[PDB]
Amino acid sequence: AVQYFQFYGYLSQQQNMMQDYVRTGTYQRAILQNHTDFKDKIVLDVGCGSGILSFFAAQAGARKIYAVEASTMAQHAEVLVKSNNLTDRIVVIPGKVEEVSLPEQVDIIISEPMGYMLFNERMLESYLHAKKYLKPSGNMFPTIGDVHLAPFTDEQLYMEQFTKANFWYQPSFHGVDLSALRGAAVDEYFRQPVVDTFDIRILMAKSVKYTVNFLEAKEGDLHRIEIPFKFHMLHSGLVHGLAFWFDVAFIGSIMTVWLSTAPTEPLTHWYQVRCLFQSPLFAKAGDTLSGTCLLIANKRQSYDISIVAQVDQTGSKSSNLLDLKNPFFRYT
């Protein structure tokens, strides 16, 4: 009968642990397949995950690895380094990359691309700051980030927002009339990004792609990310919002490998979300839907998404503004 849960607390303790196993799993494979980018190289591992990528860098044959991390997590790493006999190969240095000091330049900077690296500008800044240690010939893991977006139709998803508000704000509430808050409540429900599994047949155009290259990214490039778009509509009907998916890649010398689950035919993205428009747009097949997404870092450690959209043939316009801090998982 359909339920909304906070995406960040949804999984059990075991499920969260199983999920770190699976994902670090795909990082190890990526590092091993590209062992040539690590063999006899100097590596800088930047913060969090308890140094585990450094162990993959070592497995792949790195000469020396600097692992930089906050002092609590650093002691656990220091324990792991010793008991795995890698004291000659991994140097754990407690602190922040900006105020810490390395005795040499590095060939590769690595960082574990969990959700809370990708949606937190503090983590991204540090990752970029670490390039001060990278040789001109150097590389980064991950190397690039893709955002894909596509419009979707989903009547049920959009009308649920009304049925939640109607249910709670129309009937009196222990003798108190709350109906004057109905509109404010609906407007707030529309600003809740939704994580879901949905069947691609609801997409109404081919996706548009936007690439961030971390290797070439300057100071402050990730504060504000402008994505203009023009979709050529393949289906007629109501566009209720935009669907987003996020992917990182390591462009090695051997093999470009995607690290949020990969493309060749239809399968599953670890990092996806749908954002509703406040008002749906009608488009004919063959029409164009254009506008812009702004992703801006906010005061609360994530990004706001601004989406503006227009049907060119008709002038019709809708928009929305959402915070990605607390997506909801929609369980069907």
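For every residue, the number given is its place in the sequence shown, counted from 1.
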Legend entry - Stretch with the higher entry mean CA B-factor, where the candidates are 265-273 and 30-38: 265-273
Inset, instruction - For the higher mean C-alpha B factor in the entry, choose 222-230 or 255-263. - result: 255-263
Inset, instruction - Sort 164, 89, 240, 235 by C-alpha B-factor from the entry and give me just the highest. - result: 89
Inset, instruction - For the C-alpha B-factor as written in the entry, point me to the maximum among 190, 119, 244, 152. - result: 119
Inset, instruction - State the tercile, meaning the lowest, middle or highest third, of residue 177 with respect to the CA B-factors recorded for its chain. - result: lowest
Inset, instruction - Would you please rank residue 65 by its C-alpha temperature factor against the other modelled residues of its chain and give the third it falls in: lowest, middle or highest? - result: middle
Inset, instruction - Rank-wise, by C-alpha B-factor, drop residue 326 into the lowest, middle or highest third of its chain. - result: middle
Inset, instruction - Please rank the C-alpha B-factors of the chain's modelled residues and tell me whether residue 105 sits in the lowest, middle or highest third. - result: middle
Legend entry - residue 74, C-alpha B-factor rank within chain (lowest, middle or highest third): highest
